[PDB]
Each structure stands twice: as C-alpha cells, then as structure tokens.
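Fold and contact review
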Amino acid sequence: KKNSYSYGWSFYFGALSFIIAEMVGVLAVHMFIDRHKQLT
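A brief structural summary. (Residues numbered from 1 in each chain as written, not as in the entry; some residues may be left out. Part of a larger assembly, values for the part shown. Heavy atoms only, no water.)

Quick word on helix α1 (residues 11-38)
- With 28 residues, α1 should reach 40 Å at 1.5 Å per residue; the first-to-last C-alpha distance of 41 Å fits that figure.
- Little of α1 sits inside the fold, with zero of its 28 residues counted as buried. (Helix = DSSP H or I, 4+ residues; strand = E, 2+ residues; numbered from the N terminus. Expected span 1.5 Å × (residues − 1). Buried < 20%, exposed > 50% of the residue type's maximum accessible area, 1.4 Å probe, protein only.)

Next up, the structure:
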C-alpha cells in the first residue's frame, strides 16, 4: 500500500481518442439526417 502508481503519459491519448472518435461519430449522423432532409 502507498505505492503511488501513476497512470502517466500516453494512456491519456486513448482517453482523448475516445472523445475525438465519439465527436466524429455524432457528426456523421448530422450529415445523414441533413443530407436526407435535402431530398425531402
């Protein structure tokens, strides 16, 4: 106990990549629904 292990560097690049990938995936659906609403 009291080892003070650190989650450190580029592990956070995975956590950042999650947010970036999810912000990608939501915008795709905006493009879908807007692109389909154009042909309505």
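Having put the structure on the table, let's press on.
Concerning unusual backbone geometry
- Backbone geometry places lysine 2, a non-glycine residue, at a positive phi of 60 degrees.
- With respect to the helices, strands and loops of the structure, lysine 2 is situated in the segment before α1.
- For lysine 2, a relative accessible area of 76% gives the class exposed.
- Phi is positive for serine 4, close to 55 degrees, though the residue is something other than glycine.
- Inspection of the secondary structure puts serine 4 in the segment before α1.
- Taking relative accessible area as the criterion, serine 4 reaches 68% and is therefore assigned exposed.

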